[PDB]
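Participant:
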Ligand SMILES: Cn1cnc2ccc(-c3cc(N)nc(N)c3)cc21
Ligand SMILES: [Cl-]
Ligand SMILES: [Cl-]
C-alpha cells in the first residue's frame, strides 16, 4: 500500500504507523467524517483473518456497553473487506508506553505518572471483567498501551488479536513471554487474572525502566519469577500440567526447582530492593523527589505483590485494586 492511494471514494492512505504478524496499520484520512483514522489491514490468510474476525466481534461486543469504563479501550469505528483483506478502522492514537520508556533512556517514569497509568489500566480490566463481556486481553504489554495525545497522560489498550472470552480459550501458549502469568507458563487453564499479572509486571517496568522478568525462554522466565516470589504453592503445582518443566516433587519438602548447569535463591531478589523503597527509588534516582516518600513506595509494593499473587483465585481483581491505598488522596 503506497501514500496517496484512495479507497472506495472514502479513504486517503498517508503512511504506515505499525506492522504486525496480523498485517499492518496505516494513517489514512476519512473523507466522510473529515478526520484522520488508523486502519489495521489484516493479511489475506485464513489464520490472521479468523483471529481478526474474533478481534472485531469482541470490539463490537464492547461498543454495545455504554458506561464510564469502556473509554479506556481503543474505539473501533468500523470494519470492512477490501482487495480481499479485512480492514479495522480505529480512532488515531499517539505513541505507546514502550516508546515512552525508550524516550526516558529506560530510566522509568515517576511513581506519580505510574499511578495515573495504573488507575486507567485497572479501570479497563474492570470493564473487560463485565460478566456479559468477560474478555481476557492475553497480550498486555507496554507496546499495546498507547497515549491518546502526545501532550497528555490519557491511555488506551489496543491489539485484541489474541483476546478470547472466558471459556473460548484457543491456544494455551499465550501472552508475551516477559508478561506471561505462572498459570499460562504451567500450562493450566486461564481466566482474566492473567491480565492483572501482566499489569503488575508492566507497572514495575514503567517506574524502573527495565522489565521485571526478562526470561530468554519459558524456563528462564519462570526462574526470574522464582528469584522474586519463591516456589509456587504446593496446591498450584500439584494441579499444574507443566509443573515438571520447572520443578520436582519429593516426599518431604514437597516442591523445589529443577537445577540446570550453574539465578538468586527463591524469593531473595526482594521487590523492596528492585523498587528501591528505602534507597531513594530505582537506582536511587528519585532521592528526595515528592510523591516518592517511603509511605508512597510501600503502598505500590503492596498493590504490585497483590497483582503478582501466584494463586489466580486469590490474586487481586480490578475493582479491589482501584480501592487500594495506593490510589487514595
Ligand atoms: C499506532 N497506532 C496509532 N493509532 C492507532 C490505533 C489503533 C492501533 C491498533 C489497534 C489494534 N486493535 N491492534 C493493533 N495492532 C493496532 C494502532 C494505532
Ligand atoms: Cl517491552
Ligand atoms: Cl498471545
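Residue numbers (the UniProt record's numbering): 149 to 410, 415 to 481.
All C-beta atoms in this analysis are idealised placements derived from N, C-alpha and C, irrespective of residue type, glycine included.
Would you kindly check if the distance between the Cβ of residue 439 and the Cβ of residue 403 is under 8 Å?
Facilitator: Not a contact, by the Cβ cut-off of 8 Å.
Participant: Please tell me whether residue 342 and residue 329 are closer than 8 Å, where the distance is taken between their beta carbons.
Facilitator: The answer is yes: Cβ separation under 8 Å.
Participant: Could you name the residues that DSSP lists as bridge partners for residue 163?
Facilitator: In the DSSP output, where bridge partners are listed per residue, residue 163 has 175.
Participant: Which residue comes first and which comes last in the alpha helix (DSSP H) that contains residue 453?
Facilitator: Looking at the DSSP string, the run of the alpha helix (DSSP H) that includes residue 453 is 446 to 459.
Participant: Does the Cβ of residue 289 lie closer than 7 Å to at least one heavy atom of ligand 2?
Facilitator: Because some heavy atom of ligand 2 lies under 7 Å away, the Cβ of residue 289 counts as near it: yes.
Participant: If we call anything under 8 Å between Cβ atoms a contact, is residue 153 one with residue 165?
Facilitator: No, the pair does not count as a contact, with Cβ atoms beyond the cut-off.
Participant: Looking only at C-alpha atoms, which of 348, 409 and 384 sits nearest to residue 368?
Facilitator: Taking only the C-alpha atoms, the option nearest residue 368 is 409.
Participant: Measure the C-alpha to C-alpha separation of residue 149 and residue 231 and round it to an integer number of angstroms.
Facilitator: Near 11 Å, if we compare the C-alpha coordinates of residue 231 and residue 149.
Participant: On the three-state DSSP scale, how would you describe residue 286?
Facilitator: Residue state, collapsed to three classes: coil.
Participant: Ignore the nearest five residues each way along the sequence and tell me which others in residue 227's own chain have a CB closer than 6 Å to its CB.
Facilitator: Closer than 6 Å at the Cβ level, and outside the excluded window around residue 227, lie 204 and 236.
Participant: May I ask you to check if the CB of residue 322 is nearer than 7 Å to at least one heavy atom of ligand 3?
Facilitator: Within the cutoff, so yes.
Participant: Measure the alpha-carbon distance for residue 241 versus residue 424 and round it to whole angstroms.
Facilitator: So the two alpha carbons sit approximately 35 Å from each other.
Participant: Report yes if the C-beta of residue 310 is less than 7 Å from at least one heavy atom of ligand 3; otherwise report no.
Facilitator: Result yes, Cβ under 7 Å from ligand 3.
Participant: Assign residue 262 to buried or exposed, taking buried as 16 or more other Cβ atoms, counted over all protein chains shown, within 10 Å of its Cβ.
Facilitator: Answer is buried; the Cβ neighbour count reaches 16.
Participant: Measure the alpha-carbon distance for residue 396 versus residue 431 and round it to whole angstroms.
Facilitator: Looking at the two C-alpha atoms, the distance is approximately 37 Å.
Participant: Considering only heavy atoms of ligand 1, does any lie closer than 7 Å to the CB of residue 281?
Facilitator: No, Cβ of residue 281 sits at least 7 Å from all heavy atoms of ligand 1.
Participant: Roughly how many whole angstroms lie between the Cα atoms of residue 291 and residue 399?
Facilitator: Going by the C-alpha atoms only, they are around 44 Å apart.
Participant: Identify, in the order they occur along the chain, each residue of the same chain with its Cβ nearer than 6 Å to the Cβ of residue 173, setting aside the five sequence neighbours on each side.
Facilitator: Closer than 6 Å at the Cβ level, and outside the excluded window around residue 173, lie 165, 166, 186 and 188.
Participant: Does the beta carbon of residue 326 fall short of 7 Å from some heavy atom of ligand 2?
Facilitator: Result yes, Cβ under 7 Å from ligand 2.
Participant: For residue 227, which beta-bridge partners are listed by DSSP?
Facilitator: Paired residue(s): 236.
Participant: Hey, residue 335 and residue 388 are a contact pair by Cβ (cut 8 Å); roughly how many whole angstroms apart?
Facilitator: Residue 335 to residue 388, Cβ: 7 Å. Contact.
Participant: If you draw a straight line from the alpha carbon of residue 267 to that of residue 479, how long is it in whole angstroms?
Facilitator: Between residue 267 and residue 479, the C-alpha separation is close to 7 Å.
Participant: Per DSSP, residue 404 forms a beta bridge with which residues?
Facilitator: According to DSSP, which records beta bridges pairwise, residue 404 is partnered with 396.
Participant: If you reduce the DSSP assignment to three classes, tell me which class residue 480 lands in.
Facilitator: It is coil, neither helix nor strand.
Participant: Return the residue from the list 374, 288, 302 and 221 that minimises the CA-CA distance to residue 310.
Facilitator: Taking only the C-alpha atoms, the option nearest residue 310 is 288.
Participant: Measuring only the C-alpha atoms, how far is residue 169 from residue 415?
Facilitator: Using only the alpha carbons, I get a separation of about 33 Å.
Participant: In whole angstroms, what separates the C-alpha of residue 233 from that of residue 190?
Facilitator: For residue 233 and residue 190, the distance between alpha carbons rounds to 6 Å.
Participant: Give a yes or no on contact between the region 206 to 215 and the region 275 to 287, applying the rule of three or more CB pairs nearer than 8 Å.
Facilitator: Taking 8 Å as the limit for Cβ pairs, the verdict is that the region 275 to 287 does touch the region 206 to 215.
Participant: Just the C-alpha distance for residue 221 and residue 306, rounded to the nearest angstrom, thanks.
Facilitator: The alpha-carbon atoms of residue 221 and residue 306 are separated by roughly 7 Å.
Participant: Check whether the region 312 to 327 touches the region 354 to 366, taking contact to mean three or more Cβ pairs, one atom from each stretch, closer than 8 Å.
Facilitator: Yes: at least three Cβ pairs fall under 8 Å.
Participant: Relative to the C-alpha of residue 475, which candidate in 462, 458, 463 and 464 has its C-alpha closest?
Facilitator: Of the listed residues, the one whose Cα sits closest to residue 475 is 458.
Participant: Please say whether residue 258 and residue 436 have beta carbons closer to each other than 8 Å?
Facilitator: Contact flag unset, no.
Participant: Within the same chain, show all residues whose beta-carbon is closer than 6 Å to that of residue 379, passing over the 5 residues directly before and after it, in chain order.
Facilitator: Within the same chain, residue 379 has close Cβ partners 403 and 418.
Participant: How about residue 354 and residue 245: are their beta carbons less than 8 Å apart?
Facilitator: Going by C-beta atoms, residue 354 is nearer than 8 Å to residue 245.
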